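Asker: quick one: initial chain(s) of a complex, as found there:
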Amino acid sequence: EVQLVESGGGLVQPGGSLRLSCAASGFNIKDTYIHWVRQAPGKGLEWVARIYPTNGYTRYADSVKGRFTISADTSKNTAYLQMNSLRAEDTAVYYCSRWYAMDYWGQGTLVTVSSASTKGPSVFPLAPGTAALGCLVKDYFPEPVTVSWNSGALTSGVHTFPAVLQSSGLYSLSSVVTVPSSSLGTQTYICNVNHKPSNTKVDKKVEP
């Protein structure tokens, strides 16, 4: 299978530098153009830049021209995006794609531009023939967080709400599941919360 894998994403200071990287696998980047396309939170796809690796010719979107640099290396079968002079506007999921349209895309890497430093979440229970229970995952930066129930055993009737950015600048969300109350006391209920940016892991057992 053709496959494109992004890496190098993460949390940068305004004005800082970060180098994304796109490893192509299942074809030769000599044979095609490589683009970067990004998507700001809750916004549309925006084309960033392209390169013809064979001769290294490069075209840019005007919002990034002079700050970003696209480049490729045929021998490593890999494309790059050198992001400089980063602004809050640049916070986005950055995808990698090839060309006769964009048939294969990478998974995406999150770049977040902010001055706010890393903070792990506090995690609090939402205590309860149907019952509702859950976890409050509060005061973390940056996004993302992972919330599982019973190490992934429980997925039916689960609702993990998108994070809100609070006035503090710290994110907060809530994860909830709906069960028959006949099951209460018979099943044990644990939310697993993982915030990799912080190196924070938390398991909270939720009981009335």
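Answerer: Now that the structure is in, tell me what you want to look at. Residues are numbered from 1 along each chain as shown, chains lettered A, B, ... in the order given.
Asker: just grab the bridge partners of residue A:124 for me.
Answerer: residue A:136 (DSSP bridges).
Asker: that one contacts residue A:204, correct?
Answerer: Yes - counting by Cβ atoms under 8 Å, residue A:124 does reach residue A:204; the two are 7.3 Å apart. C-beta: built from backbone N, CA, C; applies to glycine.
Asker: who has more neighbours out of these two?
Answerer: residue A:204 (18 against 15; other Cβ atoms under 10 Å).
Asker: quick check: the gap between the spatially closest residue to the more buried one that is not a sequence neighbour and residue A:89.
Answerer: Leaving aside its chain neighbours, residue A:204 sits nearest to residue A:123 (4.8 Å; criterion: Cβ to Cβ, 6 or more residues apart in numbering). From residue A:123 across to residue A:89, the span is 32 Å (Cβ to Cβ, to the nearest Å).
Asker: okay, those two: which has more neighbours?
Answerer: residue A:123 (21 against 10).
Asker: was I right to think that one contacts residue A:193?
Answerer: Yes - assessed by Cβ under 8 Å, residue A:123 is found in contact with residue A:193 at 5.1 Å.
Asker: now the common contact residues for these two.
Answerer: Counting by Cβ atoms under 8 Å, 6 or more residues apart in numbering, the shared contacts of residue A:123 and residue A:193 are A:135, A:137, A:202, A:204.
Asker: make TSV out of the residues you listed and add distance to residue A:163.
Answerer: Shown next, in TSV, are the shared contacts of residue A:123 and residue A:193 (distance: Cβ to Cβ, whole Å):
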residue	distance to residue A:163
A:135	13
A:137	8
A:202	16
A:204	17
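Asker: for residue A:67, state which of the residues you listed is nearest.
Answerer: Among those, residue A:137 lies closest to residue A:67 (Cβ to Cβ), at 34.1 Å.
Asker: build in chain B:
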Amino acid sequence: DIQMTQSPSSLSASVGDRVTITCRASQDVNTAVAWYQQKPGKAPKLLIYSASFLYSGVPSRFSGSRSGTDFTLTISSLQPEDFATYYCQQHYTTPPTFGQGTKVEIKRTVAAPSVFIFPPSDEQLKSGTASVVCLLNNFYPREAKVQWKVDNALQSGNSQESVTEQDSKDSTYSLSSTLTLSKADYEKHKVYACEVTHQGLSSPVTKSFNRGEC
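Answerer: That brings us to chain B, laid onto the chains above:
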């Protein structure tokens, strides 16, 4: 520079329906038009290329048509699986340019919410802040009003809402409303109430608790 003007911004249609999304080019783009499907929080998948060709492994329900500068995506019998944001692109010139996208909402039958109210946990209380959490579960459509009644008074701008994406199996949304109050401010008042209006309840429904009391 060539602009692609995609319409409509957002659309609701029922399972089985024949949905039509347009995109007009600012200049002749010959055939150099593609269509993508992006699922909430995933990468776009290519649907249609050179304006009218079905891409590998895309369902036969998806079709693509050109008429001058006007380009059309047609989903013939809308499935639940086809819940997504859809983007036309032109690649005639550099830069290649994407439409603003169109969000395809599945219209289903009206569903009142299940409402639940969650007092702060004891763990959060002893930290100095209190989050009262109100859950509105499995409703359609997405439009709902939630007012908080702390000591029988309305609240303003001390509340944050968040709503899930349309579920894959039952097409409903859930919503969360979270009242943020100081430990001190919180302890002050007795009744805490979450009052909901929605098209599918006759009268507004209130769920409440009395601070601390089981």
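Asker: can you give me the domain assignment for chain A?
Answerer: Domain assignment for chain A by curated CATH domains gives A:1-115, A:116-208.
Asker: so which of the ones you listed gets nearest residue B:179?
Answerer: Closest among these, using Cβ to Cβ: domain A:116-208, at 12.2 Å.
Asker: run the chain-centre distance for that closest one.
Answerer: 18 Å (Cα atoms, centre = their mean, to the nearest Å).
Asker: could you check how far the residue most central in space within chain B is from chain A?
Answerer: Residue closest to the average C-alpha location in chain B (Cα atoms, centre = their mean): residue B:165, at 4.9 Å. Applying Cβ to the nearest Cβ, to the nearest Å, the value for residue B:165 to chain A is 8 Å.
Asker: residue of chain B closest to chain A, please.
Answerer: residue B:34 (3.2 Å; Cβ to the nearest Cβ).
Asker: burial count for that residue?
Answerer: 26 (other Cβ atoms under 10 Å in any protein chain shown).
Asker: that one: what's it in contact with?
Answerer: Contacts for residue B:34 (Cβ atoms under 8 Å, 6 or more residues apart in numbering or on different chains) come out as A:101, A:102, B:46, B:47, B:48, B:49, B:50, B:88, B:89, B:91.
Asker: repeat that with 10 Å
Answerer: Residues near residue B:34 by Cβ atoms under 10 Å, 6 or more residues apart in numbering or on different chains: A:100-103, B:44, B:46-51, B:53, B:55, B:64, B:71, B:87-91, B:96, B:98.
Asker: got the CA coordinates for whichever strand or helix holds it in CSV?
Answerer: Counting by DSSP states H and E, the element that carries residue B:34 is strand B:33-38. What follows is strand B:33-38, C-alpha atoms only, in CSV (Å, rounded to 0.1, in the frame of the first residue of the first chain):
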residue,chain,number,x,y,z
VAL,B,33,-11.5,19.3,-10.0
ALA,B,34,-11.5,16.8,-7.1
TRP,B,35,-13.9,16.0,-4.2
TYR,B,36,-12.9,14.9,-0.7
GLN,B,37,-14.7,13.5,2.4
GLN,B,38,-13.3,14.5,5.8
